[PDB]
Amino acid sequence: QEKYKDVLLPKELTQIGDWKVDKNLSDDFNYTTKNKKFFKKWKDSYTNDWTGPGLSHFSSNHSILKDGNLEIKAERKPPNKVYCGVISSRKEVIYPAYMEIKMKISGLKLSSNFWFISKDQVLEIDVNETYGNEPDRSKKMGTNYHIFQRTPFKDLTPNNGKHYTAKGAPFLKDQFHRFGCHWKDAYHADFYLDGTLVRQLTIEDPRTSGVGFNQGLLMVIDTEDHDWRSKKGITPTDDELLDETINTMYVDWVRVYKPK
């Protein structure tokens, strides 16, 4: 069907210069299995041995290659936990870059995620987070950034979450959409939904050393049970996890472009 190279960049990016592919962080995921080429670019784990948030248990076995998609799976981990698929890049992205995934999010209460995090887990850009179950929120591209204090764990930049509907406000679970980030410099990023600009972000860094987003970030493609939800009693049921209609997040392609 579709290769990521044939899809035009947003006019806003082409107004700025020519762009080339970073092949190490781009994949059509058209492999029939997790082969040598898959493992050259990707690891079928999180960036470190964190097993994940809330009732999440990150699982190498919950990422599948099938029929031109990376499929991100979820299964009951008895008694009350959720095996969550996760892949992350071996190579880092630094500004300026355009990072975009084509995905059909799950229909589960888990978050369907395309994000970036520095090795030391300080710097986080959320290009997309969506809860697939939500009558309203399943329609919303969820964009955010976080600068974390690690030792006494604290978000130094909470409440930066902004939600955007696609044109016509469809349920995002019903079709492939593109979730894009133009990371321009240490303090600026533009977010794009289906190639259209939805957010002009300026980063506010309150750290002693306000250098902003100046580190290499690793790509993460995952699904997660978020603790604030499962603590409110919002978490997939057994029948939901088994419902082949809603239990899978599909990634047709991911791409990362650099100036030429």
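Residue numbers here begin at 1 and follow the sequence given.
Asker: Pick between 220-228 and 24-32: the one whose mean CA B-factor in the entry is higher.
Answerer: The stretch with the larger mean CA B-factor is 24-32.
Asker: So which stretch wins on mean C-alpha B-factor, 89-97 or 133-141?
Answerer: The stretch with the larger mean CA B-factor is 133-141.
Asker: Name the one of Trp42, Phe213, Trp50, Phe191 with the greatest CA B-factor according to the PDB entry.
Answerer: Spelled out: the listed residue with the top C-alpha B-factor is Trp50.
Asker: Can you tell me which of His57, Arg199, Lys37, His62 has the highest Cα temperature factor in the record?
Answerer: Comparing C-alpha B-factors across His57, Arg199, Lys37, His62, the maximum falls on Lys37.
Asker: For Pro170, does the deposited CA B-factor place it in the lowest, middle or highest third of the chain?
Answerer: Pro170: CA B-factor falls in the middle third of its chain.
Asker: Select lowest, middle or highest to describe the third in which the CA B-factor of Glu75 falls within its chain in this entry.
Answerer: Tercile = highest for this residue's CA B-factor.
Asker: Going by the CA temperature factor in the PDB record, which third of the chain does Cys84 belong to: lowest, middle or highest?
Answerer: Middle third by C-alpha B-factor.
Asker: Can you tell me whether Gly195 has a C-alpha B-factor in the lowest, middle or highest third compared with the other modelled residues of the same chain?
Answerer: Tercile = lowest for this residue's CA B-factor.
Asker: Can you tell me whether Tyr164 has a C-alpha B-factor in the lowest, middle or highest third compared with the other modelled residues of the same chain?
Answerer: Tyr164: CA B-factor falls in the middle third of its chain.
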